[PDB]
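Chemist: Structure for the following, please:
(5 chains, ligands or ions: 7)
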Amino acid sequence: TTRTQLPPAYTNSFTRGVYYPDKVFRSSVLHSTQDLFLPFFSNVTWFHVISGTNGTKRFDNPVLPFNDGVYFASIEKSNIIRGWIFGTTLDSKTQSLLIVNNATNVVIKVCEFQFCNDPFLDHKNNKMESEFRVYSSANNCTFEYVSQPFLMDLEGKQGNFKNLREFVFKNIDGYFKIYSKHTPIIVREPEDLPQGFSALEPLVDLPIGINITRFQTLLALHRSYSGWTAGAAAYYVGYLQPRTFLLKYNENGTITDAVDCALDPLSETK
Amino acid sequence: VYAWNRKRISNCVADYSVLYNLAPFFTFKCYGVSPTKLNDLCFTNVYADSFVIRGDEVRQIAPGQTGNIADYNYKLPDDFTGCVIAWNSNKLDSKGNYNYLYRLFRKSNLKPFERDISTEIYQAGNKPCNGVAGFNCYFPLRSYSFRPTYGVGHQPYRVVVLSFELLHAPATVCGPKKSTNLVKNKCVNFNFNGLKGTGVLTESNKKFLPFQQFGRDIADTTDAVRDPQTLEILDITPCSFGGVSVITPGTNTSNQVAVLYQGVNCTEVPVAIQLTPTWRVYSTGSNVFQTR
Amino acid sequence: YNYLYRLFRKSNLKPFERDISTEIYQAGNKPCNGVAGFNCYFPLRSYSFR
Amino acid sequence: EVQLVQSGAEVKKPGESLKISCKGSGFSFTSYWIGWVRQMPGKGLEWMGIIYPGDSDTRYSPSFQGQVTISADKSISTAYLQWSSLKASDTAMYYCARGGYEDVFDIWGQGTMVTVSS
Amino acid sequence: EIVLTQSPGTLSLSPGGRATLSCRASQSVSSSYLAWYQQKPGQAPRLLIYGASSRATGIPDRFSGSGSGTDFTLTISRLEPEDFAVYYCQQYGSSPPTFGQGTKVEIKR
Ligand SMILES: *[C@@H]1O[C@H](CO)[C@@H](O[C@@H]2O[C@H](CO)[C@@H](O)[C@H](O)[C@H]2NC(C)=O)[C@H](O)[C@H]1NC(C)=O
Ligand SMILES: *[C@@H]1O[C@H](CO)[C@@H](O[C@@H]2O[C@H](CO)[C@@H](O)[C@H](O)[C@H]2NC(C)=O)[C@H](O)[C@H]1NC(C)=O
Ligand SMILES: *[C@@H]1O[C@H](CO)[C@@H](O[C@@H]2O[C@H](CO)[C@@H](O)[C@H](O)[C@H]2NC(C)=O)[C@H](O)[C@H]1NC(C)=O
Ligand SMILES: *[C@@H]1O[C@H](CO)[C@@H](O)[C@H](O)[C@H]1NC(C)=O
Ligand SMILES: *[C@@H]1O[C@H](CO)[C@@H](O)[C@H](O)[C@H]1NC(C)=O
Ligand SMILES: *[C@@H]1O[C@H](CO)[C@@H](O)[C@H](O)[C@H]1NC(C)=O
Ligand SMILES: *[C@@H]1O[C@H](CO)[C@@H](O)[C@H](O)[C@H]1NC(C)=O
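Modeler: Numbers count the residues shown, from 1 in each chain, chains lettered A, B, ... in the order given. Ligands and ions are numbered 1, 2, ... in the order given. Shown next is the structure:
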């Protein structure tokens, strides 16, 4: 199921994509730092996960340049997306990182991956999985990680819940830092991400030091029971440049609020 | 030795004492580095190899030594990392026993860390080898023929070589470190998972998020640390310090002096307390007055 | 082979210190009295100049 | 030469220990893996286990593991199969033969008849 | 584990002939180098042929091991009077070894 790509919808970030820079615990202080950050009220791109055809969604799976860092917002109800692919070349010649949301296993592996033209995982485990289809072949390996995947935030707890997971991927000093935060969506709001301040706790650091320059959204797409069906839901991609942020810590140490230094004149005063 | 098996070592908290434990282990030689530092060394992509050796030519197996097995069967680069570990495998390998064939026939010496996996009848002589084995044409492999009677020579000795790869990526193979006990409520110096500091350690009422590991004060000095072994949050306070000031009526009007310990309880730092150690601060019998 | 260098030592000596100790270095808990075995090895190693 | 002289046959009631003694001669007891084999009257042989005198490394047969006790002494170079106590079903022809993980016959002992009856 | 059926149970044939010692195995183990042991009546068994088909030292050439995997056979080309005895097959290189049930030789009844 291949369909011609369309330009992403562009929306303001508002106050989004802010994460704890370090495991330093600070209470009731205002700390300022310069680091890769999503600019506030920055205008960012998004497609739906969509990945369909014939009215049942449309196909979208671009290998976007990884660049400095990737901000990935996911508002999917089910596990429409499962895992990601991060590669400099995305071929069997050069190693690449594969992340999977299947089962209870991150399957975070840096190995040579001859990749299919369209890597689609099984949305539901076929009554088995399309892992052998997302990559044409697996050749050699460097490191493999097994853990609880990031998206165990379940959907069956309550209605109007379309799992909202925000992720920040940054590769510094041969270390791949994955920050993330999942929030109770509660409401549908079929327009964009909420303009609510929230921080992304640092989930995982990966010691593997291979360069990453491109990134493919690894989606889950099981079967038609019309090819395969997964559904449609908005997913956002953004690149965060270094900038100065003044962050507010509460007595719990949580980042309740922060202000970008540069966006508006009133900020530099603050 | 003809076809050895390779291994990759990574994400390893490796202890080398376990190898020291086994008694048949009699070869701890390391051409590269001293075994004393071996456990403390941090490496990555460590590669090991194992094989079957008669043990009479184990000296030839050492890097820089030449032998027919070193010529064909096995190769060790003269520059070496790791250790060559050999233990007497006469218990198992003996019975004779002819499975583990070793190749004594090949066209040329093998390059460092090269595998000669395919056996082709060796054309040592001028006549072509076409027509299987013949005169001046022999099968490369030879039976190792481990008869239990042959004790002095060609007895079953198991040799395994450790090779260390030198920090191409961040090191992932290291030894266990930072292992001592925990104390509290005393002026001590600590290294909390690399956080080196000195001060009195006590339990804290502060609340850390799970990813939070240390906490700093307003002045950005470490004021709380989460223990690595136990998830308890421990508060750090600096060891008691302050200025000392001396009251004197004047040398010529007597020589008695009064010492003021600025900004500290008399209780925390009494005459018991070193800095100015010859000063006994007289004694508690001498009047001790607490002022703001 | 006359020239020799010390492969093993308890620790580093002091600035301008001379060490001539010749006894089997003990890297193991078990005391290896005059025994050259695992974790029991005399520190000196011949230069073996070639 | 290398011969494994076994103890003589014995007759005894059930419930008592029997350290059947297989003596090995003509070979280094340490250098060779010894072992035991049992035969029911009219049945094929079976493996009971192999003992290494050098380290006393005794690998028992899993089916007979813990059922009986196999041992040996290097100083005299004699196998000492305590057999634990004796069961009425244990009446059998027991050969003590040199064998290892490769399970070679090497030298087979003359065997000892153990009868367990009232 | 591997169960060795020494088919046929008994062989009745004239002296000097050839025979088949079909040691059928539950699983195919040729690397185990299954060993045939010749046991004379009232005698300690003697390993007839080791190394799957390797000739045991001091054994007449009329014996010959053969076969592989799950099916191993021993052919005694010249059945001599002394060859009339019991024959067993036992897994050699495998996990705890198991002997076969046996096989006997006969002429007439
Ligand atoms: C974190 O902020 C919350 C603000 O909701 C406060 O937590 C409350 O602390 C009081 C006093 O111990 C408790 O009685 C409440 O049950 C706490 N509520 C919650 C939701 O935890 C407090 O200011 C900070 N500390 C903690 C531990 O919550
Ligand atoms: C191989 O496995 C054995 C299994 O027991 C290890 O033996 C241990 O260490 C010493 C040396 O053999 C024994 O005396 C101990 O009884 C065993 N247990 C413990 C807890 O030490 C042996 O160390 C292993 N060898 C290697 C090289 O790993
Ligand atoms: C690693 O940490 C665990 C706990 O995080 C230690 O477990 C302690 O001892 C028992 C057995 O696990 C537990 O019931 C206790 O609650 C733990 N004590 C504490 C203070 O957490 C475990 O001992 C640690 N590892 C080692 C080798 O000591
Ligand atoms: C975001 O940028 C796009 C161009 O990439 C532009 O067309 C759009 O108007 C911008 N949106 C806002 C809200 O500024
Ligand atoms: C995780 O690993 C693989 C890859 O997903 C999968 O086949 C396996 O069943 C999983 N194991 C567990 C314990 O979830
Ligand atoms: C990352 O890979 C190599 C290995 O370090 C590096 O030299 C190269 O510049 C990077 N690849 C790119 C930028 O495509
Ligand atoms: C202080 O002492 C000096 C020396 O002992 C003496 O000369 C002087 O008179 C003294 N001063 C007073 C005020 O007594």
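Chemist: how much space between the residue nearest to residue D:118 when sequence neighbours are not counted and residue D:112?
Modeler: Spatially, and ignoring its direct neighbours in sequence, residue D:118 is nearest to residue D:13 (6.0 Å; Cβ to Cβ, 6 or more residues apart in numbering or on different chains). (C-beta placed from N, C-alpha, C; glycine too.) Distance from residue D:13 to residue D:112, counting by Cβ to Cβ, to the nearest Å: 17 Å.
Chemist: More neighbours: which of those two?
Modeler: A count of neighbours by other Cβ atoms under 10 Å in any protein chain shown puts residue D:112 above the other of residue D:13 and residue D:112, at 20 against 11.
Chemist: Any idea what that one is bridged to?
Modeler: Applying DSSP bridges to residue D:112 gives these bridge partners: residue D:94.
Chemist: Over to residue E:55?
Modeler: Beta-bridge partners of residue E:55, as defined by DSSP bridges: residue E:49.
Chemist: In the chain, which residue is most central in space?
Modeler: The chain I'm using is chain A. residue A:72 (3.1 Å; Cα atoms, centre = their mean).
Chemist: meant chain E actually
Modeler: residue E:36 (4.1 Å).
Chemist: isn't there a helix covering that one?
Modeler: No. The assignment for residue E:36, made by DSSP: H, G, I helix; E, B strand; the rest coil, is strand rather than a helix.
Chemist: The residue of chain B positioned farthest from its centre and residue B:246, how far apart?
Modeler: No residue in chain B sits farther from the centre than residue B:253, which is 66.7 Å out by Cα atoms, centre = their mean. Separation of residue B:253 from residue B:246 (Cβ to Cβ) stands at 15 Å.
Chemist: hmm, stretch A:141-148 in reach of ligand 5?
Modeler: No. Using Cβ under 6 Å from any ligand atom, stretch A:141-148 stays clear of ligand 5, with a minimum separation of 6.5 Å.
Chemist: Enumerate the positions of that stretch that are buried.
Modeler: A:142-143, A:145 (16 or more other Cβ atoms under 10 Å in any protein chain shown).
Chemist: would you list the residues you listed in a markdown table and tack on distance to chain B and secondary structure?
Modeler: A markdown table is the format used below for the buried residues of stretch A:141-148 (distance: Cβ to the nearest Cβ, whole Å; DSSP: H, G, I helix; E, B strand; the rest coil):
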| residue | distance to chain B | secondary structure |
| --- | --- | --- |
| A:142 | 8 | strand |
| A:143 | 7 | strand |
| A:145 | 9 | strand |
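Chemist: picking up where we left off before, now do the contacts for the residue nearest to residue D:118.
Modeler: D:86, D:116-118 (Cβ atoms under 8 Å, 6 or more residues apart in numbering or on different chains).
Chemist: got it, and residue D:48?
Modeler: D:35-38, D:60-61, D:64, D:68, D:70, D:81, D:94.
Chemist: So which of the residues you listed are in strands?
Modeler: Within those, residues falling in strands by DSSP state E are D:35-38, D:60, D:70, D:81, D:94.
Chemist: which of these sit farthest apart?
Modeler: Spanning the widest gap among the ones in strands among the contacts of residue D:48 are D:60 and D:94, at 14.4 Å by Cβ to Cβ.
Chemist: quick one: which of the two has more around it?
Modeler: Neighbour count, other Cβ under 10 Å: between residue D:60 and residue D:94, residue D:94 has more, with 23 against 19.
Chemist: circling back: so who does the residue nearest to the centre of chain E touch?
Modeler: For residue E:36, the contacting residues are E:21, E:23, E:47-49, E:65, E:72, E:74, E:87-90, by Cβ under 8 Å, 6+ apart.
Chemist: Swap in 6 Å and give it another go.
Modeler: Residue E:36 makes contacts with E:48-49, E:74, E:89, as judged by Cβ atoms under 6 Å, 6 or more residues apart in numbering or on different chains.
Chemist: Could you do residue E:45 as well?
Modeler: Residues near residue E:45 by Cβ under 6 Å, 6+ apart: E:37, E:39.
Chemist: and what of residue B:199?
Modeler: B:236-239.
Chemist: ok, now with 8 Å
Modeler: Residue B:199 is in contact with B:187-188, B:190, B:236-239, counting by Cβ under 8 Å, 6+ apart.
Chemist: buried subset of those?
Modeler: B:190, B:236.
Chemist: Closest one to residue A:60 out of the contacts of residue B:199, please.
Modeler: Looking across the contacts of residue B:199 and measuring by Cβ to Cβ, the closest to residue A:60 is residue B:236, at 52.1 Å.
Chemist: which SSE is that closest one in?
Modeler: strand B:233-237 (DSSP states H and E).
Chemist: what's that strand in contact with?
Modeler: B:184, B:197, B:199-204, B:206-208, B:215, B:222-227.
Chemist: mind listing what the residue of chain E found nearest ligand 6 touches?
Modeler: Of all residues in chain E, residue E:31 sits closest to ligand 6, with a separation of 44.2 Å (Cβ to the nearest ligand atom). Contacts for residue E:31 (Cβ under 8 Å, 6+ apart) come out as residue E:93.
Chemist: Give the helix, strand or coil label for the residue in chain A that ligand 6 sits nearest to.
Modeler: Closest residue of chain A to ligand 6, Cβ to the nearest ligand atom: residue A:211 (2.8 Å). Assigned with three-state DSSP, residue A:211 falls in the coil class.
Chemist: how close does it sit to ligand 2?
Modeler: Relative to ligand 2, residue A:211 is positioned 38 Å away (Cβ to the nearest ligand atom, to the nearest Å).
Chemist: ok, now which ones touch that residue?
Modeler: A:88, A:171.
Chemist: what about stretch B:29-36 and chain C, any contact?
Modeler: Yes. Against chain C, stretch B:29-36 shows contacts by Cβ under 8 Å from any Cβ of the partner chain at B:34-36.
Chemist: The stretch 151-270 of chain A: helices as residue ranges?
Modeler: A:265-269 (DSSP state H, counting those that start in this stretch).
Chemist: residues touching the residue in chain B that ligand 5 sits nearest to, list them.
Modeler: Relative to ligand 5, the nearest point of chain B is residue B:11 (17.5 Å; Cβ to the nearest ligand atom). Each residue near residue B:11 by Cβ under 8 Å, 6+ apart is listed here: A:143, A:207, B:172-173.
Chemist: Would you tell me which residues of chain D are close to chain E?
Modeler: Residues of chain D lying close to chain E (Cβ under 8 Å from any Cβ) are D:37, D:43-47, D:61-63, D:95, D:97, D:102-105, D:108-111.
Chemist: Just the buried ones from the residues you listed, in ChimeraX syntax?
Modeler: Remark: buried members of those, expressed as a ChimeraX selection using 16+ other Cβ under 10 Å:
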select /D:37,44,45,46,47,61,95,97,102,103,104,105,108,109,111
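Chemist: Please flag which of the residues of chain D next to chain E sit within helices.
Modeler: Among those, none falls in helices (DSSP state H).
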